[PDB]
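Chains as they are written, first to last, in the deposited numbering: chain lY, 62 to 121; chain lh, 2 to 106; chain lo, 2 to 51; chain lD, 2 to 247; chain ll, 2 to 73. Remarks on the structure that follows.
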Amino acid sequence: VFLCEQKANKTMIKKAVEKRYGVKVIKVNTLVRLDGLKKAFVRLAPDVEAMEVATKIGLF
Amino acid sequence: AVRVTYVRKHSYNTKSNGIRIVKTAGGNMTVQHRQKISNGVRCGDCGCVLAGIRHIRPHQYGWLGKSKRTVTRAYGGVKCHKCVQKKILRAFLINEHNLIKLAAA
Amino acid sequence: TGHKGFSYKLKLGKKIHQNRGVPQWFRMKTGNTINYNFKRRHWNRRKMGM
Amino acid sequence: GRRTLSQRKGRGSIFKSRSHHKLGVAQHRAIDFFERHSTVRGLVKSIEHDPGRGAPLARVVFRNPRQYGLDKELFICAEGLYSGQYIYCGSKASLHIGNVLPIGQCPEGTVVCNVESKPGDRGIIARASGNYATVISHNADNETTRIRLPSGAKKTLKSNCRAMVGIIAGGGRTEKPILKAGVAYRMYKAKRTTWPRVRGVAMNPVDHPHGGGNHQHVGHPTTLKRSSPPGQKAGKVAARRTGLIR
Amino acid sequence: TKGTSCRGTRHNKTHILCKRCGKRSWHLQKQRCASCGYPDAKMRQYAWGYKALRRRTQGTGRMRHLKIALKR
RNA sequence: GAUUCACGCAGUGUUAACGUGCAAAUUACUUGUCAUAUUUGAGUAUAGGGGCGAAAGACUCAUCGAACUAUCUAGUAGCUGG
RNA sequence: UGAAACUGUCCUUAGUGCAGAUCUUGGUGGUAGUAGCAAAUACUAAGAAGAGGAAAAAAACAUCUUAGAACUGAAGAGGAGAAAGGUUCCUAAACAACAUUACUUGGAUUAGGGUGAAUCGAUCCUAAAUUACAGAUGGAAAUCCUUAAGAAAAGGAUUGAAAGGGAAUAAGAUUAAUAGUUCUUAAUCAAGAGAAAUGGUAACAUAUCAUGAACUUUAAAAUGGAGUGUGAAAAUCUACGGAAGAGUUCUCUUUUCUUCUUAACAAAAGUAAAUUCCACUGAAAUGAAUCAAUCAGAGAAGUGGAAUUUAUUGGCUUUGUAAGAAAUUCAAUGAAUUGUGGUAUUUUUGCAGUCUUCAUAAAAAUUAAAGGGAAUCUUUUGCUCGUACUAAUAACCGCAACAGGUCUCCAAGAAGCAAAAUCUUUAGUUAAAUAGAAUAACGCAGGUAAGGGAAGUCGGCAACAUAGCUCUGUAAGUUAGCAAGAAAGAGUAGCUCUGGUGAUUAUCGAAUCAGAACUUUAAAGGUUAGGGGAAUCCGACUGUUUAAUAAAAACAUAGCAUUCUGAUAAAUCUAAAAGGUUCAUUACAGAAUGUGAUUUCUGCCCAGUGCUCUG
RNA sequence: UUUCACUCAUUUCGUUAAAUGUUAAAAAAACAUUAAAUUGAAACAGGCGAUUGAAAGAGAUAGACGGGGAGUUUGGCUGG
RNA sequence: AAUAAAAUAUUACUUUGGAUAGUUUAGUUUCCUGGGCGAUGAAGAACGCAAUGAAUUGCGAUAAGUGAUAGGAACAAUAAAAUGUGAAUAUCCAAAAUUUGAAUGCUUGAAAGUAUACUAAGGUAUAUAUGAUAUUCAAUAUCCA
């Protein structure tokens with residue numbers, strides 16, 4: 062789950078996530094919050110596991 | 002009895018907002034969206050409903066097979082068989098009469 | 002309403018963001034008179050008319 | 002005072018015609034060579050009910066004397082027409098009911114309907130239900146013919162004005178007595194906003210010139226000059242006579 | 002019933018936010034702004050409304066570019 | 001555009017309640033009415049000597065025998081008060 | 001007391017002296033601990049948390065759990081939406097203020113979290129209508145025109161619907177809160193990528209098949225309402241057979257209650273109702289048929305076929321999905337079951353004909369077919385925006401937690417003609433501007449009353465009284481339709497029985513009607529539920545009306561009558577206008593008036609004032 | 001000045017401005033197009049076709065009419 | 001006839017209130033100098049940006065600030081880091097300048113969008129009227145082979 066700019070569509074976010082973390086993305090759902098930010102739910106491919114990305118990013 | 006609720010955000014009993022309530026596992030009843038009742042085709046002359054063609058929505062005819070949207074006959078799908086028979090006799094009898102009346106009477 | 006235009010929704014969100022009090026640290030500044038936000042409102046008290 | 006109801010009628014806000022379900026403009030087809038010097042044959046596909054008017058309308062279909070396709074016309078039915086009938090329009094058309102002929106070819110005493118006051122203007126006179134005009138006489142010197150209008154007036158038209166032979170269908174419509182206020186309400190479904198008519202004497206002096214005092218009465222003569230301004234022209238206008246006719 | 006009872010059905014907006022002046026004065030049916038005089042090219046100003054002039058005019062906003070030029 | 005009951009609606013009577021009220025017009029019972037001249041939502045049209053009115057000078061945002069708002073305007077007062 | 005400026009005399013100057021102006025602004029009294037904190041049936045016991053039930057009864061105690069007792073009564077005080085609100089949603093900490101006592105509660109304070117769509121909507125199309133360039137008009141602002149005026153737009157520009165049209169998604173599970181949106185499983189749709197067919201007599205039929213351009217036509221999208229009959233599904237009820245659990249049980253009850261289910265999309269074992277057509281034949285002694293109709297030599301009935309519709313494929317059972325889910329039990333994650341029917345009621349959804357209109361009850365986007373003959377299964381992608389919550393006796397509009405107002409969907413049992421009143425099940429709630437004691441007057445709301453019975457009063461105002469169903473009976477008057485439920489009289493309970501009304505071919509089934517013995521507290525009446533008659537006036541009737549003192553005899557109405565106009569007109573809006581309304585019209589029409597159904601009848605007057613004259 | 005004849009401004013109209021003018025040569029609810037062989041499918045006018053027409057409309061000045069509308073007035077004394 | 005509970009009156013102190021006195025980073029008037037906006041996109045509006053910000057101030061995806069030139073040791077409510085190899089602070093300078101707005105490709109309601117061309121995504125140009133030049137055309141409108 063990421064917070065992204067409103068002016069970015071689902072295609073831009075999917076490509077951006079792949080470029081930033083070198084992973085595979087299969088589905089992106091976006092909701093625009095009240096404050097103005099766009100919350101994106103990026104689901105990765107089954108082979109790539111999101112626990113390794115979370116610790117590599119630093120969420121844990 | 003189990004009472005139900007509209008699933009979509011339409012809240013009025015409009016023609017396009019028709020629903021059906023069907024039973025479902027656990028005794029619950031769910032809501033379906035039923036299609037509008039449509040008319041078929043009509044003969045171009047006598048205005049009678051043609052046989053052999055289903056009464057569905059206009060776009061659903063493209064989904065049907067090529068043979069299921071017409072009748073294998075001259076003017077099939079636009080004119081009834083009675084409509085067609087009168088067309089043939091008119092075309093032949095009038096032409097034959099023209100050969101005898103005029104055109105070397 | 003459940004249905005709203007995109008621009009209208011953002012103007013709703015700002016009104017939510019502006020309905021906040023003074024942070025405590027700003028209240029400890031020297032020569033500070035701004036203790037409470039007099040532009041505040043609540044849904045059941047004053048309708049923001051938008 | 003105020004502005005009376007006849008003044009508010011000329012602005013057309015709620016008094017606009019309720020013409021949404023009407024079939025269209027009912028008239029002859031546009032004049033051409035094939036109608037001036039020949040005959041074009043049309044087929045009466047169907048007879049339909051046009052809202053707001055008492056006569057049925059015929060959906061005639063001429064072919065296309067100059068191009069490829071169909072010329073879907075919309076005539077006013079003459080009494081006796083039927084579906085599948087052939088009708089011929091032109092100067093050489095036979096004198097049969099439903100045929101369209103120039104008014105000069107009709108013998109004196111012919112009953113016509115939907116006559117053009119001017120050549121090629123596609124029908125003016127004798128268009129209501131059961132109405133007709135009679136050819137009085139011809140005048141080949143200046144190509145004019147005399148006809149008797151349904152109001153009884155005599156009119157002189159050019160001898161090449163077109164008309165349809167017969168009687169407009171749906172006659173005897175107004176002989177059936179309306180019985181209920183609701184029935185009259187339904188009559189103006191496809192007409193203008195006029196029906197529930199409040200008497201001027203029941204209004205107030207601001208509303209109407211008739212708006213009276215302690216007794217419901219007019220007070221001044223109800224026969225007025227033609228030159229009265231809009232606003233006081235209420236009642237009988239330029240009345241040459243009054244009272245019950247003998 | 003011209004008082005309390007009649008105000009029950011007031012749930013249909015007449016004016017919405019305008020785009021040129023930002024006030025809730027855009028008449029929906031009239032398709033015009035009652036305050037800043039929208040699509041009309043000129044800003045709506047009247048000499049009888051002297052106060053309405055001093056509420057929105059030059060110098061009541063940011064003056065993002067004009068402040069540099071006049072100081073220049 | 002028959003007779004009635006019901007969901008609803010209106011407002012005949014009590015000239016009941018309340019009348020610094022639940023309410024800047026409501027409540028209770030009684031009464032009437034309760035689908036074709038019916039009831040009703042949204043959209044749309046008609047603007048102040050104008051609109052709209054099955055007509056009461058009725059309605060036109062609690063404002064109507066001429067709305068609201070601002071300018072002329074600190075309108076004038078042989079009249080009242082200080 | 002106060003802690004940094006000020007005073008006396010002479011001239012000068014003035015925004016220079018207050019008790020009043022219903023004076024202006026601010027503050028404060030008596031009234032006064034007074035009037036009140038009384039609609040919406042209602043609370044109680046034990047325990048927990050808390051400073052917050054103490055006590056010589058200080059008789060009352062907010063929140064949560066359990067138990068008792070209750071209300072809304074399924075057209076709801078239930079579960080969800082449109083508008084409007086805008087974070088009120090969920091959780092935690094915390095109770096200074098606010099919810100007419102209090103509150104540990106809150107829609108209140110503080111801080112976090114929360115809205116996931118190729119398939120639902122917006123976006124697309126057009127309706128009433130709306131707005132541009134050029135043109136026309138105007139002193140001006142600006143107005144008109146919307147395809148007519150144009151070197152503009154094969155044909156006509158912009159906008160206009162979260163209820164009209166519309167490509168395509170469902171079941172289960174999941175969160176403190178989102179879910180046709182997430183997860184599992186299973187689907188669908190659009191755009192892409194890898195001399196040209198047979199069968200049937202015919203109606204017509206063939207897992208893509210089996211070529212089909214320009215141009216043209218037809219159809220669909222896309223059409224009122226009423227009433228009757230009927231197909232199917234669901235709910236309720238019920239018949240037979242059970243399996244599991246629960247309740248009652250010293251009085252009985254082989255007993256009473258709960259569960260026994262299944263999606264989108266497709267398949268085609270079995271089998272329906274209705275309508276329309278095709279082939280053979282040719283109907284009179286006329287037949288066929290419906291609740292009603294309606295139909296036949298331009299061809300009935302009969303027999304054999306074809307097609308379409310019936311909430312997705314093809315209507316119902318059945319099948320795949322799919323039992324692996326879900327429900328009900330059991331054991332301590334693992335085990336069990338998940339038949340078949342009904343000539344019953346309601347709802348929903350179709351179908352068939354009938355009736356009715358001086359009413360005939362939308363358009364486009366978009367799709368298919370035809371006439372014509374020009375030319376020679378796998379895979380990718382599906383963008384933008386809304387999505388939380390209330391939707392109201394507390395989230396919307398009325399200054400508010402206001403007995404007012406505000407558009408919709410789903411809808412159990414009893415009883416009954418009834419969606420009526422009354423009671424209950426599923427769900428919701430016991431709080432919704434404070435209570436305790438005593439039981440005066442005067443009240444508001446609900447009642448009864450001896451004998452008399454409108455004598456009260458402006459007036460039977462208010463209240464009493466009649467009230468359902470069956471049978472008998474029903475006048476004058478009348479527009480012959482009505483009056484009429486006229487008026488008036490009798491019957492009605494419980495229990496035990498008897499008979500009539502069918503289906504299928506002896507078995508099965510329906511509430512309905514009639515009748516008879518016996519008993520009693522002698523029977524519609526708990527609730528629901530017309531007082532009746534004799535006349536007079538006005539208005540013919542159904543309808544409308546002064547929002548907030550007049551609902552009517554007033555307005556409307558149908559009917560009757562009068563006037564003008566041949567459309568380049570009549571009426572009439574505009575400052576002007578290839579401007580606008582009736583008029584998408586054409587005298588059976590348009591415009592202006594009076595009277596007010598029907599019956600009977602509308603008398604005399606043209607001087608006066610109007611109107612008019614073909615003078 | 002009146003009465004005529006015309007159209008040429010002008011008015012009112014109609015269409016896809018689709019054969020104008022002058023020479024030349026009711027039996028049948030059906031189809032009709034993208035031509036075979038410059039013709040086929042004739043030429044020209046200085047008029048897209050009708051209609052009205054020097055009259056009518058709009059302007060100026062003048063007379064009449066005009067509560068449809070605008071502005072204003074409706075003396076004083078007074079056993080009220 | 002008697003009581004001083006209430007009532008009344010004076011003073012001191014305290015309370016509710018904010019008069020009076022002292023004071024001014026605010027106004028009013030006159031005068032002097034200018035009167036310097038915009039298709040190179042103005043005035044106005046909207047949204048966003050601070051380590052802890054809700055308003056306000058400043059600013060624009062380079063964000064309470066960047067470069068340059070002056071300037072010389074601070075800011076502070078609390079931390080951090082930077083800092084004489086240059087902190088604050090100042091500016092008619094340089095770069096940069098979101099969505100709109102005359103708003104100008106088309107649409108615009110609270111509307112999300114979208115067409116073509118040039119240089120997938122990004123960025124430019126394309127409204128109406130108008131002057132000059134260039135180029136392509138139309139009309140026998142005038143001649144004319």
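For every residue, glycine included, the Cβ atom is placed at its ideal position computed from N, Cα and C.
Problem - Residue-level contact to chain lo via CB, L95 of chain lY, 7 Å cutoff - result: yes
Practice task
Measure the Cβ-Cβ separation of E80 of chain lD and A170 of chain lD and say whether it is below 7 Å.
Solution key: yes
Handout entry: alpha helix (DSSP H) segments (min. 4 residues) lying fully within the stretch 40 to 81 of chain lh
Key = 61 to 64
Practice task
Following the continuous alpha helix (DSSP H) through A185 of chain lD, name the residue where it begins and the one where it ends.
Solution key: 182 to 188
Practice task
Measuring only between beta-carbons, confirm whether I17 of chain lo sits less than 7 Å from chain lY.
Solution key: yes
Exercise for the section: State yes or no: is the C-beta of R123 of chain lD within less than 7 Å of the C-beta of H29 of chain lD? Expected result: yes
Problem - Cβ-based neighbour list, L71 of chain lD, same chain, cut-off 8 Å, excluding 5 preceding and 5 following - result: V62, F63, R64, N65
Exercise for the section: Given a cut-off of 7 Å, decide if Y62 of chain lh and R74 of chain lh are closer than it, judged by their beta-carbon atoms. Expected result: no
Practice task
Counting only runs of 4+ residues fully inside the stretch 55 to 112 of chain lD, write out the alpha helix (DSSP H) ranges in chain order.
Solution key: none
Exercise for the section: Could you work out which residue in lD:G232, lD:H97, lD:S92 is closest to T5 of chain lD when comparing CA atoms only? Expected result: lD:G232
Exercise for the section: Assign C37 of chain ll to one of three DSSP states: helix, strand, or coil. Expected result: coil
Practice task
Determine whether the Cβ of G6 of chain lo lies closer than 7 Å to any Cβ atom of chain lY.
Solution key: no
Practice task
Within its chain, find whatever has a CB closer than 8 Å to the CB of residue 107 of chain lh; leave out the 5 residues flanking it on each side and keep chain order.
Solution key: Because chain lh in this structure spans residues 2 to 106, residue 107 of chain lh falls outside the shown range and cannot be described.
Problem - Other residues of its chain near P151 of chain lD: CB distance less than 8 Å, five sequence neighbours each side excluded - result: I126, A127, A129, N132, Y133, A134
Handout entry: 7 Å Cβ cutoff, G14 of chain lo in contact with chain lY
Key = yes
Exercise for the section: Decide yes or no for the touch test of the stretch 92 to 102 of chain lY against the stretch 64 to 81 of chain lY: beta carbon pairs closer than 8 Å, at least 3 of them. Expected result: yes
Practice task
Could you say if the stretch 227 to 244 of chain lD and the stretch 6 to 15 of chain ll meet the contact criterion of at least three C-beta pairs nearer than 8 Å?
Solution key: no
Handout entry: Proximal chain lo residues relative to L18 of chain ll, where beta-carbon distance stays under 9 Å
Key = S8, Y9, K12, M51
Problem - Whole-Å CB distance - residue 1 of chain lD paired with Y83 of chain lD, under 8 Å assumed - result: Chain lD is shown from 2 up to 247; residue 1 of chain lD falls before or after that span and cannot be answered.
Handout entry: DSSP-derived helix/strand/coil call for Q25 of chain lo
Key = helix
Handout entry: Spatial distance of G19 of chain lh from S12 of chain lh (CA atoms)
Key = 11 Å
Exercise for the section: Can you give me, in chain order, the residues of the stretch 23 to 42 of chain ll that have a beta carbon less than 8 Å from any beta carbon in chain lo? Expected result: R25
Exercise for the section: Determine the DSSP secondary structure at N215 of chain lD, reduced to helix, strand or coil. Expected result: coil
Problem - Cα-Cα separation, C44 of chain lh to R19 of chain lD - result: 33 Å
Handout entry: Same chain, Cβ closer than 7 Å to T157 of chain lD, neighbours up to 5 away in sequence not counted
Key = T145, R147
Practice task
Kindly indicate the opening and closing residues of the beta strand (DSSP E) around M165 of chain lD.
Solution key: 163 to 166
Problem - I17 of chain lo - DSSP class collapsed to helix/strand/coil - result: helix
Practice task
Between the Cα of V89 of chain lY and those of lY:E110, lY:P107, lY:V109, lY:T72, spot the shortest distance and give me the residue it belongs to.
Solution key: lY:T72
Exercise for the section: Go ahead and label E110 of chain lY buried or exposed: buried means 16 or more other beta carbons lie within 10 angstroms of its beta carbon, across all protein chains shown. Expected result: exposed
Practice task
Mark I74 of chain lY as exposed unless 16 or more other C-beta atoms lie within 10 angstroms of its C-beta, in which case mark it buried.
Solution key: buried
Problem - Separation of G66 of chain lh from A69 of chain lY, as counted between CA atoms - result: 43 Å
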